[PDB]
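Comments concern the structure below.
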Amino acid sequence: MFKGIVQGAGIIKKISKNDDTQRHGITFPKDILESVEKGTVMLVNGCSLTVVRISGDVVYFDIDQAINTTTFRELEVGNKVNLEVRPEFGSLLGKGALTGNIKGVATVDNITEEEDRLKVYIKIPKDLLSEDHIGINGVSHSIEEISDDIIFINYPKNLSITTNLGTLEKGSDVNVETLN
Ligand SMILES: Cc1nc2c(=O)[nH]c(=O)nc-2n(C[C@H](O)[C@H](O)[C@H](O)CO)c1C
């Protein structure tokens, strides 16, 4: 179990397209890089993945099992991914605890920045509640409202800074974890 609190951003450095599989090499920030090793299972954009290789600051993952239910297949070199390593000495399982099991891909309907808030409206596709949390790209937060097929999450603006939520646009695909 993870908290859905993103600890840093990685930047995709390389992608190997073999694609019912892809290998992503992601540049990690020093503090995260030094806590991981081959075999580390951690969350990348909310998705549980295993470190295959580390060379200097580039941490590699093979996306295979996850390839059909996540955004990785369509990511590009330079893109920013959310990173979270499991709690070191345990945690109290809330609430919005994440498993890293991504239920599927959804799409940003609308984004508005106003009043110290990042308001994010996500359209949930047919084949994929409002008192629950939801994980989006590994960010766990309470749902604000649901209207039709669209879920409204009202994030504090600081999450714009510390996660890739602040790069999202109308039409951006995201990894959704429902809980549960
Ligand atoms: C531990 C783990 N490692 C990987 C991995 O290295 N590569 C991969 O593609 N999938 C892994 N998985 C499974 C994914 O977390 C799971 O397939 C997705 O969350 C489903 O959307 C898991 C659970």
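Basis: the model, the stated rules and, where named, an outside source; these are not laboratory values. Don't worry about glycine lacking a Cβ; one is built from the backbone with ideal geometry, like all the others, and counts go over all protein chains shown.
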| query | Name the residues in segment 159-172 that are in contact with a strand residue (DSSP E or B) (Cβ under 7 Å, 6 or more places away or on another chain) and either farther than 13 Å from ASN110 by Cα or surrounded by fewer than 16 Cβ atoms within 10 Å (Cβ to Cβ) (or both), would you? | reply | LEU159, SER160, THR163, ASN164, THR167, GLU169, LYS170, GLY171
| said: Restricting to segment 60-77, count the residues that are more than 7 Å from the ligand (Cβ to nearest atom) and either farther than 23 Å from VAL105 by Cβ or not in a strand (DSSP E or B) (or both). | reply: 8
| query | With (1) in a loop (DSSP other than H, G, I, E, B); (2) surrounded by fewer than 14 Cβ atoms within 10 Å (Cβ to Cβ) as the list, and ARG53 as the residue in question, which single condition is left unmet? | reply | (1)
| task | Report, by residue number, each residue of segment 8-24 that is within 14 Å of the ligand (Cβ to nearest atom) and under 24 Å from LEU159 (Cβ atoms). | result | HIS24
| Residues satisfying the stated conditions in segment 78-112, i.e. within 16 Å of the ligand (Cβ to nearest atom), more than 23 Å from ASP149 (Cα to Cα) and among the polar types (S, T, N, Q) | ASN82, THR99
| remark: Considering residues that are at positive phi and either within 16 Å of the ligand (Cβ to nearest atom) or assigned by CATH to the domain that holds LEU83 (or both), the number found within segment 123-180 is 2
| said: Is it the case, given these coordinates, that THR27 is hydroxyl-bearing (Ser, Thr, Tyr), over 14 Å from the mean Cα position of the chain (by Cα) and closer than 27 Å to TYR155 by Cβ? | reply: yes
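Would you please name the residue that is farthest from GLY25 (Cα to Cα), looking only at residues in segment 52-81 that are of a type in the set (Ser, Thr, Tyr) and over 15 Å from the mean Cα position of the chain (by Cα)?
Filtering segment 52-81 for residues that are of a type in the set (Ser, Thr, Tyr) and over 15 Å from the mean Cα position of the chain (by Cα), the one farthest from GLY25 (Cα to Cα) comes out as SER55.
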| said: Residues that are surrounded by 16 or more Cβ atoms within 10 Å (Cβ to Cβ), of a type in the set (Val, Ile, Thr) and more than 22 Å from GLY8 (Cα to Cα): does segment 112-132 have at least one? | reply: yes
